[PDB]
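The listed protein sequences derive, respectively, from chains A, B, C, D and E. Mapped onto PDB author numbering, the consecutive letters of the first sequence carry residue numbers 561 to 677, 689 to 706. Take 707 as the starting number for the second sequence in PDB author numbering and just add one per residue. Take 853 as the starting number for the third sequence in PDB author numbering and just add one per residue. Take 707 as the starting number for the fourth sequence in PDB author numbering and just add one per residue. Take 999 as the starting number for the fifth sequence in PDB author numbering and just add one per residue.
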Amino acid sequence: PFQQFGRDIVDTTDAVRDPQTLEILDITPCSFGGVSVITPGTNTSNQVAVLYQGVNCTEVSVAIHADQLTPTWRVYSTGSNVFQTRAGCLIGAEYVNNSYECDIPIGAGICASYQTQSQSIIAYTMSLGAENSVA
Amino acid sequence: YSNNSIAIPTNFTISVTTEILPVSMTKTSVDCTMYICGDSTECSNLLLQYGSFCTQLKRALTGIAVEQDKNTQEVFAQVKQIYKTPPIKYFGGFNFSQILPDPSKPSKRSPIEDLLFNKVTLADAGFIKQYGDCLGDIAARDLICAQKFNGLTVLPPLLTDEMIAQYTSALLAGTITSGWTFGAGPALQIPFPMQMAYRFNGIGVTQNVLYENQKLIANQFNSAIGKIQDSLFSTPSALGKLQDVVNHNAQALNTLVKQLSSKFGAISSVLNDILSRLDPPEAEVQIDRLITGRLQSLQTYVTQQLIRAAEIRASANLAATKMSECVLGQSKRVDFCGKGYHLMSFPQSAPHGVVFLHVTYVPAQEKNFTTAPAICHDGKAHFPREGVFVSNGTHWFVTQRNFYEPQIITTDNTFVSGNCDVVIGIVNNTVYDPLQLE
Amino acid sequence: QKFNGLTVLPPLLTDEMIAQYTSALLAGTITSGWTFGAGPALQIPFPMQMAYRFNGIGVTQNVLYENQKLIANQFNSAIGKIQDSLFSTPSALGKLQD
Amino acid sequence: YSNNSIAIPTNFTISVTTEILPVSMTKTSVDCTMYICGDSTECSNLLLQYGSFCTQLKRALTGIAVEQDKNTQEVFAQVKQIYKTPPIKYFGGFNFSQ
Amino acid sequence: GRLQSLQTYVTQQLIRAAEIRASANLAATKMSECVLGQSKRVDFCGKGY
Ligand SMILES: *[C@@H]1O[C@H](CO)[C@@H](O[C@@H]2O[C@H](CO)[C@@H](O)[C@H](O)[C@@H]2O)[C@H](O)[C@H]1NC(C)=O
Ligand SMILES: *[C@@H]1O[C@H](CO)[C@@H](O[C@@H]2O[C@H](CO)[C@@H](O)[C@H](O)[C@@H]2O)[C@H](O)[C@H]1NC(C)=O
Ligand SMILES: *[C@@H]1O[C@H](CO)[C@@H](O[C@@H]2O[C@H](CO)[C@@H](O)[C@H](O)[C@@H]2O)[C@H](O)[C@H]1NC(C)=O
Ligand SMILES: *[C@@H]1O[C@H](CO)[C@@H](O[C@@H]2O[C@H](CO)[C@@H](O)[C@H](O)[C@@H]2O)[C@H](O)[C@H]1NC(C)=O
Ligand SMILES: *[C@@H]1O[C@H](CO)[C@@H](O[C@@H]2O[C@H](CO)[C@@H](O)[C@H](O)[C@@H]2O)[C@H](O)[C@H]1NC(C)=O
Ligand SMILES: *[C@@H]1O[C@H](CO)[C@@H](O[C@@H]2O[C@H](CO)[C@@H](O)[C@H](O)[C@@H]2O)[C@H](O)[C@H]1NC(C)=O
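In structure tokens form, the structure reads like this:
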């Protein structure tokens, strides 16, 4: 009953009690993360893929719908170019189940590369090598 | 020690040691503006007066992350071809299920690797997308949610835990199937008893000793593997290096967070209250003091991370060398791969590190009988081609340097070059030959 | 420095114990060759240990046993020259001094 | 260099060379309190306004000190047992008194 | 001023400690290789064989 504030180990405001209804509410960062632009050589093509690091990008999609994201630019999100990885989700690059060698490392065993479909950026799980069963 | 006394091990033991070596740490991508000025436009404008000052920090952190990825790649992706273990597992009676992957486990990791994973607790997972459950944490939010408030990100490693386990499994299958030939060229398969015989031959012990003791060697290896598994399970902390790395990174992040709450010699440590209770023209001094303090804290964190990254890169280079030498071969260098005469080493994936199972050949119960530098048969000095001139006590013998397998002194196992009057300690004895008898 | 709070802690291994460790290493390497570095210390007479080392570097044991006295004299002369060079040289320990 | 000419040494010399390597340095124990505010309660109070900085400094120095101790231990304490040279020092004509 | 000086000293001490740690690792490797055994690595432990 006497507690009004709320903190944690590193001395940051975590939860707050409602001063009007005597109820509790916890506080979370809004959408903090990091934008990394995946792109092939500009002499090859101009299409790019944007990776919003470390975010459940369904919330990124709803933020784009609300038009409240900090970056002014907006990549095309046609549904196919969304792939939720463990380092956020790639927007602008589709996912192919084929496994190739890494070209542009992303994280969590995902590498994007430019390939023919007629050119687009495709994300995939990296291939460690040609499997060779020893007799 | 004596003039003519030598001790030769009549027996031997196979001891498996464990080496803990960090290869990478958590990659961080701390942002300038979010940590320095919390969503304050004029504070960011004032920070812009410092020029490209925090771009150095961002570049350093990006280089650190790239260096961690390169360290992991160098340590684990030694072989560009993934080798799969044969469906059946009878390697001359040698247990390997403990170190080989277990297909029953969902992660396809060996029991040793799973014990190592469960014995290490990661403060910041990073590759979990913690957003979504940070607000549903019910209890007090952990370090991760608070870190996500002031410009702290933990990028996931390029190689997943399962991917590193797959690389380790490929290395293990290559080693136990093709010996060390897969570390130099094509994977030339060889039966495990033959590979063990050649590893024995590489440490100055003849090939026949393994085949004569094919059992009681596999049993010793299995017992050693089980003993080290139980030792790692019940030990207080045998993963001290990896635990220290994780704790250091997490606590450096914690100190970086805590430096925000410090006033840094100003009226307050909270930017919004400062700029609200004081008009910008007067509060600029407080803003500058806060910015200098926070920038100094970020500089200290970045420099500490750079030094720790240099140390981790040195450790990862050592781990890569250890892999390329002990794993893909048999290092003759002493104490590099375990204590004793090294035979093999088995990689085991660990959280932010690598684990080496150095299988070393160690001598055992020994007796000292007698030695002589040379044997004089007929006015000539005879020296052993391999080994020493041991003596039962009455009849001399030739035997291996590291195992007591006495042999009759013929003319083929010993070479003669001398005049019987130049060697200090030559002894009276008779040597036979398969030519004069017939 | 001490009065300004900038004190230095003494090492856990004192100089006497470090010298004892070096003496143990020397005794092991001169009475057991490399055996004490792998497992139990196996006694080996020093001429035979030198034969082991010669065979390791790739020359036969007879080249040692035929001129063991010459090798011992060369070893003694070399160690005496090492001591004399350490005496004469002012900055032979440049790395530690630096 | 010729097509069919090889040079082989008809003799040999045993030369011992000295190699010197630092193993550890002085373990410093700098403390913030005196060094920044020598006997000044107010100065210490304003030092607390800079956050957990001197805790980091003390931790780094303690890590350096234990690193020096572990460096010495790793370099020297490579043998569990302290071997002793035999009372009579005659190693086949070799001289180890130095 | 004193904080900047102390941070500079601690950073330089950390760099020197890393260098000394590398040298001590090299010394331990040399001990293990050419003291507890014979090192075939030429020009590693003394010039010559
Ligand atoms: C060498 O050492 C082995 C163990 O380190 C010995 O094996 C043992 O043999 C006993 C019987 O004597 C068994 O009861 C035991 O389970 C183990 O297998 C081995 O005998 C020994 N050999 C010699 C020649 O000493
Ligand atoms: C390799 O060693 C394994 C032990 O880690 C053996 O598995 C054992 O199987 C028995 C039942 O047969 C269990 O009771 C025991 O707990 C353990 O799981 C395995 O059989 C062995 N393989 C070979 C080929 O020897
Ligand atoms: C010298 O080395 C001999 C090895 O050929 C040992 O010979 C044995 O001697 C016993 C009698 O003690 C015989 O019964 C046996 O057949 C074998 O010939 C001999 O023991 C050994 N001498 C000593 C003193 O150990
Ligand atoms: C090894 O056996 C030789 C006999 O074949 C010994 O030679 C003898 O030498 C003595 C002089 O010392 C002569 O008087 C004798 O006729 C014989 O030639 C030789 O000494 C012996 N060596 C050892 C070390 O016992
Ligand atoms: C190999 O080199 C040795 C010294 O480097 C030579 O020893 C010398 O022997 C002479 C007497 O011949 C001594 O006067 C001198 O002090 C030194 O000890 C040795 O003779 C030589 N051998 C050959 C075959 O050249
Ligand atoms: C090993 O080498 C020592 C030299 O460092 C010898 O000591 C010498 O002893 C003589 C007296 O005999 C002194 O005059 C000289 O200054 C030096 O101290 C030592 O005798 C030698 N050992 C053997 C067994 O020869």
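We treat Cβ as the ideally placed atom computed from N, Cα and C, and that holds for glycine.
Going by Cα to Cα distance, which pick from the options is closest to residue i?
i, options, result
"residue 893(B)", "964(B), 877(B), 1099(B) and 760(B)", "877(B)"
"residue 898(B)", "910(B), 1094(B) and 917(B)", "917(B)"
"residue 660(A)", "696(A), 563(A), 628(A) and 617(A)", "696(A)"
"residue 1045(B)", "716(B), 724(B) and 708(B)", "724(B)"
"residue 950(C)", "722(D), 730(D) and 707(D)", "730(D)"
"residue 959(B)", "1010(B), 1075(B) and 930(B)", "1010(B)"
"residue 738(B)", "763(B), 727(B), 722(B) and 728(B)", "763(B)"
"residue 642(A)", "602(A), 689(A) and 620(A)", "620(A)"
"residue 825(B)", "955(B), 1006(B), 942(B) and 1095(B)", "942(B)"
"residue 1116(B)", "1125(B), 1138(B), 1099(B) and 1131(B)", "1138(B)"
"residue 868(B)", "809(B), 1133(B) and 849(B)", "809(B)"
"residue 946(B)", "984(B), 1006(B), 1019(B) and 1056(B)", "1056(B)"
"residue 593(A)", "835(B), 1125(B), 807(B) and 794(B)", "835(B)"
"residue 1034(B)", "1018(B), 1075(B) and 885(B)", "885(B)"
"residue 845(B)", "574(A), 612(A), 561(A) and 562(A)", "574(A)"
Cβ of residue i within 8 Å of Cβ of residue j?
i, j, result
"residue 880(B)", "residue 732(B)", "no"
"residue 645(A)", "residue 693(A)", "no"
"residue 720(D)", "residue 872(C)", "no"
"residue 928(B)", "residue 801(B)", "yes"
"residue 818(B)", "residue 935(B)", "yes"
"residue 596(A)", "residue 615(A)", "no"
"residue 972(B)", "residue 1000(B)", "no"
"residue 798(B)", "residue 930(B)", "no"
"residue 647(A)", "residue 862(B)", "yes"
"residue 1026(E)", "residue 722(D)", "no"
"residue 638(A)", "residue 852(B)", "no"
"residue 1012(B)", "residue 746(B)", "no"
"residue 753(B)", "residue 952(B)", "no"
"residue 1113(B)", "residue 1103(B)", "yes"
"residue 713(B)", "residue 895(C)", "yes"
"residue 1050(B)", "residue 905(B)", "yes"
"residue 576(A)", "residue 569(A)", "no"
"residue 865(B)", "residue 956(B)", "no"
My understanding is that residue i touches residue j, with C-beta atoms under 8 Å, so please give their C-beta distance in whole angstroms.
i, j, result
"residue 704(A)", "residue 790(B)", "5 Å"
"residue 858(B)", "residue 736(B)", "6 Å"
"residue 1016(E)", "residue 903(B)", "Not quite, the Cβ-Cβ distance comes to about 43 Å (not below 8 Å), so this is no contact."
"residue 1077(B)", "residue 710(B)", "5 Å"
"residue 982(B)", "residue 975(B)", "With 8 Å as the limit, residue 982(B) and residue 975(B) do not qualify as a contact, their Cβ atoms being about 14 Å apart."
"residue 598(A)", "residue 668(A)", "Not quite, the Cβ-Cβ distance comes to about 14 Å (not below 8 Å), so this is no contact."
"residue 1030(E)", "residue 784(D)", "6 Å"
"residue 695(B)", "residue 1060(B)", "Outside the modelled stretch of chain B, which goes from 707 to 1144, sits residue 695(B), for which no answer is possible."
"residue 874(B)", "residue 1054(B)", "6 Å"
Under 9 Å Cβ-Cβ, which residues of chain C neighbour residue i?
i, result
"residue 1110(B)", "Within 9 Å Cβ-Cβ: nothing; residue 1110(B) doesn't reach chain C, min ~11 Å."
Under 7 Å Cβ-Cβ, which residues of chain A neighbour residue i?
i, result
"residue 840(B)", "588"
Find the residues of chain B that neighbour residue i, judging by a C-beta separation of less than 8 Å, and give them in chain order.
i, result
"residue 944(C)", "Neighbours of residue 944(C) on chain B: none; closest Cβ ~28 Å, over 8 Å."
"residue 856(C)", "Within 8 Å Cβ-Cβ: nothing; residue 856(C) doesn't reach chain B, min ~22 Å."
"residue 703(A)", "787, 788, 789, 790 and 893"
Quick one: which chain D residues come within Cβ less than 9 Å of residue i?
i, result
"residue 969(B)", "755, 756 and 757"
For residue i, go through chain C and note every residue whose CB falls closer than 8 Å to its CB, in chain order.
i, result
"residue 1044(E)", "Going along chain C, no residue has its Cβ under 8 Å from residue 1044(E), so there is no contact; the nearest lies around 11 Å."
"residue 1059(B)", "Correct list: empty, because the minimum Cβ distance to chain C is about 27 Å."
Interface residues of chain C around residue i at Cβ under 7 Å?
i, result
"residue 720(D)", "923, 926, 927 and 930"
Which chain E residues are close to residue i, counting only those with a beta carbon under 8 Å from its beta carbon?
i, result
"residue 881(C)", "1033 and 1034"
For a contact defined as C-beta to C-beta under 7 Å, what are the partners of residue i on chain E?
i, result
"residue 877(C)", "1033"
"residue 934(C)", "Under the 7 Å cutoff, chain E gives no residues; its nearest Cβ is about 11 Å from residue 934(C)."
At a CB-CB cut-off below 7 Å, which residues of chain D make contact with residue i?
i, result
"residue 961(B)", "758 and 762"
Completely contained alpha helix (DSSP H) runs for the segment 988–1072 of chain B, where each covers 4 or more residues = none
ask   = At what residue ranges does the segment 809–878 of chain B contain a whole run of the alpha helix (DSSP H), taking only runs of 4 or more?
value = 817–824 and 849–853
message = Give the list of continuous alpha helix (DSSP H) stretches no shorter than 4 residues that lie fully inside the segment 889–947 of chain C.
response = 898–909, 914–917 and 920–940
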